[PDB]
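**Q** Sharing a structure with you now.
When we count neighbours, we look across all protein chains shown, and the Cβ atoms used for this are built from the backbone with ideal geometry, even at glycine. Please treat every number below as a calculation from the coordinates, not as lab data.
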Protein chains: 2
Amino acid sequence: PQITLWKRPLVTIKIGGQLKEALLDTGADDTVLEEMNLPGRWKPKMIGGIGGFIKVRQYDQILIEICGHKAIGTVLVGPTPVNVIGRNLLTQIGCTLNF
Amino acid sequence: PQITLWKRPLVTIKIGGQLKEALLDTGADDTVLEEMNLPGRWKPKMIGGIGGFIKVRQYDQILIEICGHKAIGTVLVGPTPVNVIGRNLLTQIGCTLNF
Ligand SMILES: CCOP(=O)(COc1ccc(C[C@H](NC(=O)O[C@H]2CO[C@H]3OCC[C@H]32)[C@H](O)CN(C[C@@H](C)CC)S(=O)(=O)c2ccc(N)cc2)cc1)OCC
């Protein structure tokens, strides 16, 4: 679709068989989701943002559907203020900025 | 133009008679720029993201030229790790997400 930016660009995602709401975030290199029970192996990792660094669980090769578009890649789980879809997955669904 | 997301969506902006580089960031509600000395009255504000909050100065009705496209709105200035153009100005230049 074409998504304007008057409101937050929130979309429904499906991950680990569960539906969630997430923000399409072109300023995020990586995808970060709030604490959740996700199937798969994981490794501790640190990710930094505007306020500093947080500890996350790094899951690799996770299936995630973003408004019906399938992606398979890295998902970080940790104390983010909001679920954010970063460029690592936005590229997989063919997302571009246009103006 | 059309901006793919393989790389950081960095562009040149002009603000207060200065050229700077900034990220087109659909995840930022408001535009936040590195410490800069801007004429005018301002309001203190706190903005939060991954890792917590930072303190910024809120300037209203600031003009910014983004790849030749003019926008006028709120600009937050403070010790941000990154310059971001947020939705408050991205809407003004007609920016959409497309996939
Ligand atoms: C020099 C580098 O230092 P740094 O690595 C951190 O640098 C950064 C810091 C922030 C960004 C931009 C933010 N992306 C982000 O958090 O992405 C994470 C995950 O993917 C990684 O890629 C980059 C960082 C990692 C996001 O787009 C926008 N944000 C809100 C989101 C979270 C939704 C609420 S907001 O910034 O909080 C923000 C809040 C209110 C307003 N009005 C304006 C902005 C990009 C690089 O060190 C740590 C001190």
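**Q** Enumerate the pairs (first residue in the range A:14-41 and small (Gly, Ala, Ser); second residue anywhere and not in a loop (DSSP other than H, G, I, E, B)) with beta-carbon separation below 6 Å, excluding pairs fewer than 6 apart on the same chain, so at least 6 apart or on different chains.
**A** A:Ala22/A:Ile13; A:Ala22/A:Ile85; A:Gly27/B:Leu23; A:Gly27/B:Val84; A:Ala28/A:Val84; A:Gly40/A:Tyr59
**Q** Going by the conditions given, is A:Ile72 in a strand (DSSP E or B) and within 13 Å of chain B (Cβ to nearest Cβ)?
**A** no
**Q** What is the number of the single condition among (1) buried (at least 17 other Cβ atoms within 10 Å of the Cβ); (2) touching a residue at least 40 places away in the same chain (Cβ under 8 Å); (3) in a strand (DSSP E or B) that A:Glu65 does not meet?
**A** All conditions pass for A:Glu65, except number (1).
**Q** Is it the case that B:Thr26 is among the β-branched types (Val, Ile, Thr), within 19 Å of B:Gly94 (Cβ to Cβ), in a strand (DSSP E or B) and over 10 Å from the mean Cα position of the chain (by Cα)?
**A** Taking the combined requirement at face value, the residue does not satisfy it.
**Q** B:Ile93: over 22 Å from A:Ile50 (Cα atoms) and either surrounded by fewer than 17 Cβ atoms within 10 Å (Cβ to Cβ) or more than 15 Å from the ligand (Cβ to nearest atom) (or both), yes or no?
**A** yes
**Q** For the condition of a type outside the set (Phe, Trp, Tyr) and surrounded by 18 or more Cβ atoms within 10 Å (Cβ to Cβ), what is the one hit in B:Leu10, B:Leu23, B:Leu38?
**A** Of the residues listed, the single one that is of a type outside the set (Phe, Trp, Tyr) and surrounded by 18 or more Cβ atoms within 10 Å (Cβ to Cβ) is B:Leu23.
**Q** Can you name the residue in the range A:9-45 that is facing another protein chain (nearest Cβ under 10 Å) and among the aliphatic types (A, V, I, L, M) and is also nearest to A:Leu97 (Cα to Cα) among such residues?
**A** A:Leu24
**Q** Considering only residues that are more than 16 Å from B:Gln61 (Cβ to Cβ) and small (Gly, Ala, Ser), which ones fall in the range B:80-99?
**A** Result: B:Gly94, single match.
**Q** Please go through the range B:53-62 and give me each residue that is facing chain A (nearest Cβ under 8 Å) and exposed (fewer than 15 other Cβ atoms within 10 Å of the Cβ), ordered by number.
**A** Listed by number, the list holds a single entry, B:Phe53.
**Q** Given the structure, is B:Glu21 of a type in the set (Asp, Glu) and not in a strand (DSSP E or B)?
**A** Considered against the rule, which asks whether it is of a type in the set (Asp, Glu) and not in a strand (DSSP E or B), B:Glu21 comes out as no.
**Q** Among the residues of the range A:75-99, write down those that are assigned to a strand (DSSP E or B), within 8 Å of chain B (Cβ to nearest Cβ) and under 10 Å from the mean Cα position of the chain (by Cα).
**A** Answer for the range A:75-99, where residues must be assigned to a strand (DSSP E or B), within 8 Å of chain B (Cβ to nearest Cβ) and under 10 Å from the mean Cα position of the chain (by Cα): just A:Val84.
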